[PDB]
>>> print(open('final11.tsv').read())   # TSV, C-alpha atoms and all ligand atoms
chain	number	residue	atom	x	y	z
A	22	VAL	CA	-23.47	13.65	-49.57
A	23	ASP	CA	-21.66	10.65	-51.06
A	24	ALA	CA	-18.18	12.05	-51.77
A	25	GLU	CA	-17.31	9.06	-53.95
A	26	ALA	CA	-20.57	9.29	-55.96
A	27	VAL	CA	-19.98	13.02	-56.52
A	28	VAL	CA	-16.35	12.38	-57.56
A	29	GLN	CA	-17.57	9.61	-59.89
A	30	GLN	CA	-19.76	12.28	-61.60
A	31	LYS	CA	-17.80	15.54	-61.37
A	32	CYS	CA	-14.07	14.95	-60.78
A	33	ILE	CA	-13.28	11.75	-62.68
A	34	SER	CA	-14.64	13.55	-65.77
A	35	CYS	CA	-11.10	14.99	-66.06
A	36	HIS	CA	-9.12	13.34	-63.23
A	37	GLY	CA	-9.95	9.85	-64.59
A	38	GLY	CA	-12.09	7.10	-62.99
A	39	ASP	CA	-9.24	6.38	-60.59
A	40	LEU	CA	-8.09	9.97	-59.67
A	41	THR	CA	-4.77	8.90	-61.26
A	42	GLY	CA	-5.10	11.78	-63.73
A	43	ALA	CA	-6.25	11.82	-67.36
A	44	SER	CA	-7.25	15.25	-68.75
A	45	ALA	CA	-6.11	16.63	-65.35
A	46	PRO	CA	-3.28	15.77	-62.87
A	47	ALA	CA	-3.65	12.99	-60.28
A	48	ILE	CA	-5.72	13.99	-57.19
A	49	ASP	CA	-5.67	10.47	-55.66
A	50	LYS	CA	-3.34	11.83	-52.93
A	51	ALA	CA	-4.45	15.46	-52.95
A	52	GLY	CA	-4.97	14.89	-49.19
A	53	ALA	CA	-1.20	14.31	-48.81
A	54	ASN	CA	-0.42	17.60	-50.60
A	55	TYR	CA	-3.23	19.90	-49.40
A	56	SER	CA	-5.70	19.86	-46.46
A	57	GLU	CA	-9.51	19.63	-46.83
A	58	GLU	CA	-9.74	23.45	-46.60
A	59	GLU	CA	-7.29	23.88	-49.50
A	60	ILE	CA	-8.83	21.08	-51.58
A	61	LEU	CA	-12.27	22.59	-50.91
A	62	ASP	CA	-10.97	26.03	-51.95
A	63	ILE	CA	-9.67	24.55	-55.24
A	64	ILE	CA	-13.01	22.73	-55.83
A	65	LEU	CA	-14.84	26.05	-55.17
A	66	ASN	CA	-12.41	28.41	-57.01
A	67	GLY	CA	-11.17	25.91	-59.59
A	68	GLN	CA	-7.44	26.31	-60.63
A	69	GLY	CA	-5.61	26.78	-63.99
A	70	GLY	CA	-7.43	24.52	-66.51
A	71	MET	CA	-9.97	23.54	-63.80
A	72	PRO	CA	-13.19	25.64	-63.64
A	73	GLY	CA	-14.46	26.50	-60.14
A	74	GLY	CA	-17.56	25.36	-58.27
A	75	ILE	CA	-17.67	22.05	-60.18
A	76	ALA	CA	-19.27	20.61	-57.02
A	77	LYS	CA	-20.68	23.01	-54.34
A	78	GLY	CA	-21.81	23.00	-50.67
A	79	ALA	CA	-21.95	19.62	-48.88
A	80	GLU	CA	-21.11	18.08	-52.28
A	81	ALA	CA	-17.75	19.93	-52.37
A	82	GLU	CA	-17.16	19.62	-48.59
A	83	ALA	CA	-17.73	15.84	-48.61
A	84	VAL	CA	-15.40	15.40	-51.60
A	85	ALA	CA	-12.69	17.62	-50.06
A	86	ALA	CA	-12.88	15.77	-46.70
A	87	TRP	CA	-12.90	12.32	-48.36
A	88	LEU	CA	-9.91	13.34	-50.50
A	89	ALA	CA	-8.20	14.65	-47.33
A	90	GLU	CA	-8.39	10.99	-46.28
A	91	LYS	CA	-7.08	9.79	-49.69
A	92	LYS	CA	-3.24	9.57	-49.77
B	101	LIG	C1	-11.72	19.09	-65.85
B	101	LIG	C2	-12.61	20.20	-66.42
B	101	LIG	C3	-11.64	19.06	-64.33
B	101	LIG	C4	-12.65	18.67	-63.47
B	101	LIG	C5	-13.98	18.09	-63.86
B	101	LIG	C6	-12.11	18.69	-62.13
B	101	LIG	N1	-10.82	19.07	-62.21
B	101	LIG	FE1	-9.58	19.17	-60.56
B	101	LIG	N2	-8.04	19.89	-61.86
B	101	LIG	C7	-8.14	19.96	-63.22
B	101	LIG	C8	-6.88	20.44	-63.73
B	101	LIG	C9	-6.51	20.69	-65.17
B	101	LIG	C10	-6.08	20.72	-62.64
B	101	LIG	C11	-4.77	21.46	-62.71
B	101	LIG	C12	-5.04	22.95	-62.87
B	101	LIG	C13	-3.93	23.65	-63.63
B	101	LIG	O1	-4.12	23.79	-64.86
B	101	LIG	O2	-2.95	24.05	-62.98
B	101	LIG	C14	-6.82	20.35	-61.45
B	101	LIG	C15	-6.33	20.48	-60.15
B	101	LIG	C16	-7.02	20.02	-59.03
B	101	LIG	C17	-6.47	20.03	-57.69
B	101	LIG	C18	-5.08	20.52	-57.34
B	101	LIG	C19	-3.97	19.63	-57.90
B	101	LIG	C20	-2.74	20.46	-58.23
B	101	LIG	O3	-2.83	21.21	-59.23
B	101	LIG	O4	-1.76	20.36	-57.46
B	101	LIG	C21	-7.40	19.47	-56.85
B	101	LIG	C22	-7.26	19.29	-55.35
B	101	LIG	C23	-8.54	19.11	-57.66
B	101	LIG	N3	-8.27	19.47	-58.95
B	101	LIG	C24	-9.68	18.49	-57.18
B	101	LIG	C25	-10.80	18.21	-57.98
B	101	LIG	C26	-12.01	17.57	-57.51
B	101	LIG	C27	-12.20	16.91	-56.16
B	101	LIG	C28	-12.93	17.65	-58.54
B	101	LIG	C29	-14.38	17.23	-58.48
B	101	LIG	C30	-15.23	18.07	-57.52
B	101	LIG	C31	-12.24	18.15	-59.71
B	101	LIG	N4	-10.97	18.44	-59.32
B	101	LIG	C32	-12.81	18.29	-60.99
B	101	LIG	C33	-9.24	19.68	-64.02
B	101	LIG	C34	-10.47	19.30	-63.52
>>> encode(input="final11.tsv", output="C-alpha cells", more="lines below")
Ligand code: HEC
Amino acid sequence: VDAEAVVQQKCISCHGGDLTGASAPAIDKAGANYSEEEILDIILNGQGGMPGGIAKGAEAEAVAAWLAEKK
C-alpha cells in the first residue's frame, strides 16, 4: 500500500502536510527516534492525544516502514 498516499490521508490530518507537526508533533524523523516496529505500535495503539488504529494492516505497516526510512 502507498505509504505516502496513506500518510497524505491519515497522518498529515494532524501531523501537517509535511510531517513537520501542526496539531501533532513532527514525525518527519520518527524513523530516527523509533524503529518501524515502534512506529507501527504507535500507529496501531495511538499515543496521548493520538487515537490508535488510524491506519491498519499493510496500510499501517507500509507507513511505519516508510517513516523508518524518513530521518
Ligand atoms: C491527530 C488526531 C493525529 C493523527 C491523525 C495521527 N497522529 Fe500521530 N500523533 C498525534 C499526537 C498528538 C501525537 C503525540 C501524542 C501525545 O499526546 O503524546 C502523535 C505521536 C505520534 C508518534 C510518536 C511521536 C512522539 O510522540 O514522540 C508517531 C510515530 C506518530 N504519531 C505517527 C503517526 C502516523 C504515521 C500517523 C498516520 C497513520 C499518525 N501519527 C496520525 C496525533 C495524530
>>> closest_atom_pairs(input="final11.tsv", of="chain A", to="ligand LIG 101 (chain B)", cutoff="6 Å", atoms="only C-alpha atoms and all ligand atoms", output="Markdown table")
| residue | atom | partner | partner_atom | distance |
| --- | --- | --- | --- | --- |
| A:28 | CA | B:LIG101 | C29 | 5.3 |
| A:31 | CA | B:LIG101 | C29 | 4.8 |
| A:32 | CA | B:LIG101 | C29 | 3.3 |
| A:34 | CA | B:LIG101 | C5 | 5.0 |
| A:35 | CA | B:LIG101 | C1 | 4.2 |
| A:45 | CA | B:LIG101 | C9 | 4.1 |
| A:46 | CA | B:LIG101 | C10 | 5.7 |
| A:48 | CA | B:LIG101 | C21 | 5.7 |
| A:51 | CA | B:LIG101 | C22 | 5.3 |
| A:60 | CA | B:LIG101 | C22 | 4.5 |
| A:63 | CA | B:LIG101 | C22 | 5.8 |
| A:64 | CA | B:LIG101 | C30 | 5.4 |
| A:68 | CA | B:LIG101 | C12 | 4.7 |
| A:69 | CA | B:LIG101 | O1 | 3.5 |
| A:70 | CA | B:LIG101 | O1 | 3.8 |
| A:71 | CA | B:LIG101 | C33 | 3.9 |
| A:75 | CA | B:LIG101 | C30 | 5.4 |
| A:76 | CA | B:LIG101 | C30 | 4.8 |
| A:84 | CA | B:LIG101 | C27 | 5.8 |
>>> atom_distance(input="final11.tsv", atom1="CA of residue 57 (chain A)", atom2="CA of residue 87 (chain A)")
8.2 Å
>>> closest_residue(input="final11.tsv", among="A:81, A:86, A:22, A:43", to="residue 66 (chain A)", atoms="all atoms listed in the file")
A:81
>>> residues_around(input="final11.tsv", residues="residue 49 (chain A)", least_positions_apart="6", cutoff="9 Å", atoms="all atoms listed in the file", output="ChimeraX atom specification")
/A:36,39-42,88,91-92
>>> write_last_selection(input="final11.tsv", atoms="C-alpha atoms", output="mmCIF file, in the frame of the given file")
data_model
loop_
_atom_site.group_PDB
_atom_site.id
_atom_site.type_symbol
_atom_site.label_atom_id
_atom_site.label_comp_id
_atom_site.auth_asym_id
_atom_site.auth_seq_id
_atom_site.Cartn_x
_atom_site.Cartn_y
_atom_site.Cartn_z
ATOM 1 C CA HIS A 36 -9.120 13.340 -63.230
ATOM 2 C CA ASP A 39 -9.240 6.380 -60.590
ATOM 3 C CA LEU A 40 -8.090 9.970 -59.670
ATOM 4 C CA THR A 41 -4.770 8.900 -61.260
ATOM 5 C CA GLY A 42 -5.100 11.780 -63.730
ATOM 6 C CA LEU A 88 -9.910 13.340 -50.500
ATOM 7 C CA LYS A 91 -7.080 9.790 -49.690
ATOM 8 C CA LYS A 92 -3.240 9.570 -49.770
#
>>> atom_distance(input="final11.tsv", atom1="CA of residue 80 (chain A)", atom2="CA of residue 54 (chain A)")
20.8 Å
>>> closest_residue(input="final11.tsv", among="A:55, A:47, A:65, A:85", to="residue 33 (chain A)", atoms="all atoms listed in the file")
A:47
>>> closest_residue(input="final11.tsv", among="A:89, A:56, A:67, A:38", to="residue 26 (chain A)", atoms="all atoms listed in the file")
A:38
>>> atom_distance(input="final11.tsv", atom1="CA of residue 72 (chain A)", atom2="CA of residue 29 (chain A)")
17.0 Å
